[PDB]
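Take a look at this one chain, the form deposited in one PDB entry, written out in structure tokens.
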């Protein structure tokens, strides 16, 4: 109670242990704790197990903590949100066997260059995945199979050149897809499926406007009302689209939805 700043507000309390040169979990944290901020600390190494005691813990922040190795010992059946952004994890952690109730996981701006074959197994309650800012160049086959309830996915600002044709297969709740600032050249036929994607960010990519981009073109047209441009400091980006932001080779004067496709089949 008297080490970090403990908030209160109706039952579920919030403990802030940020910017406090901590190298590990502080000993006198209230037991019936629910949210823990531990950002801007020196957690070069951290063991999810040391939280076994806080049976009411639902949100944990370990962002901007020079984190390099996350240990996944036992279980925290009630943890739903986990923030790992702005650390140095060279490999993505396997949380399935520990955070069965995790609905949000952010592992942005870390040092990821790929993702394992079972990466998200067990994470069936996931509703949000943030992996923006790494150096992913390719995604695994059924990555999102374990997460059929996914709503938001961020793979922005990586080095992706191609996306799996079925990456979205099954996700009928998906509403936000951020793939901006990558190295994508095309979208596999029927990639978006028939689902309705409200917020799709596809700008900043070197799209190759050849016949094999006519699928994406029609989609762009059908969903021009759903294509937006990212604004850092995000303003909920809830208003005014810009389908002309998706462009051939990133040339502003040659948006994809206006791509002619001269001499292409129907």
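Residue numbers count along the first chain shown, from 1.
The protein also exists as the form deposited with a partner chain bound; that form is not presented, and the subsequent description refers to it.
Quick one: which of 114-122, 99-107, 181-189, 137-145 gets within 4.5 Å of the partner chain in the entry with it bound, going by heavy atoms?
Single hit among the candidates: 99-107.
Please check if residue 128 has a heavy atom lying within 4.5 Å of any heavy atom of the partner chain in the entry with it bound.
Yes, residue 128 is a contact residue.
Using a 4.5 angstroms cut-off on non-hydrogen atoms, would residue 75 count as touching the partner chain in the entry with it bound?
Outside the cut-off, so no.
Taking 4.5 angstroms as the cut-off for heavy atoms, does residue 237 touch the partner chain in the entry with it bound?
Yes.
Residue 79 versus the partner chain, in the entry with it bound: is there a non-hydrogen atom within 4.5 Å?
So residue 79 does not count as contacting the partner chain.
With the partner chain left out of view, which of 71, 169, 176, 161 would have a heavy atom within 4.5 Å of it in the entry with it bound?
It is 176 that has a heavy atom within 4.5 Å of the partner.
State yes only if every one of 203, 216 and 247 has a non-hydrogen atom within 4.5 Å of the partner chain in the entry with it bound; otherwise state no.
Negative, none of the three is within 4.5 Å.
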